[PDB]
């Protein structure tokens, strides 16, 4: 089991960490959503699906910088929505193919009522999402840590 981003940055067997750089809607008004869809950015596969079933959860999702201060949100994982920052580990998604498939996570953020101006700065860390992988074969229990970075500023009109 291993993962890679849309630009080919990989995290190999055993876990580790990688940066994910995201383009963000440049203008978001109070009452509107900023959607950060990681299903187009993070992909994983099972290396031995003939014998092993891999189990993948969103173990934890934390907010940083402008997302922590200026937005409220939820995280959608494999069809269900949860609070973001997260309060617990999600149920598991099965990875049973050697063909890469997306990690089905997206953040649904909305500016807080008093947000205004440059609500997210270009180059800043916005979130850390931990993918936890286990299996039905041995004791492997690994973390694939995804550091989500903004490619651009996001302005909330005042």
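Residue numbers count along the first chain shown, from 1.
**Student:** Comparing 91 to 99 with 127 to 135, which has the greater mean CA B-factor as deposited?
**Tutor:** So the stretch with the higher mean C-alpha B-factor is 91 to 99.
**Student:** Averaging the C-alpha B factors as listed in the entry, name the stretch that ends up higher: 149 to 157 or 3 to 11.
**Tutor:** Looking at the recorded C-alpha B-factors, 3 to 11 comes out higher on average.
**Student:** When you compare the CA B-factors of 62, 110, 114, 53 as listed in the entry, which one comes out on top?
**Tutor:** Most elevated C-alpha B-factor of the set, per the entry: 114.
**Student:** Give the position of residue 77 by CA B-factor within its chain, expressed as the lowest, middle or highest third.
**Tutor:** Ranked within chain, residue 77 CA B lands in the lowest tercile.
**Student:** Ranking every modelled residue in this chain by its Cα temperature factor as given in the entry, which third contains residue 24?
**Tutor:** Answer is highest: the recorded C-alpha B-factor places it there.
**Student:** Could you place residue 44 in the lowest, middle or highest third of its chain by Cα temperature factor, using the values in the record?
**Tutor:** Middle third.
**Student:** Test of reading the entry: by CA B factor among the chain's modelled residues, which third contains residue 119?
**Tutor:** As the PDB entry reports it, the C-alpha B-factor of residue 119 lands in the lowest third of its chain.
**Student:** What third of the chain, by the recorded C-alpha B-factor, contains residue 106?
**Tutor:** Ranked within chain, residue 106 CA B lands in the middle tercile.
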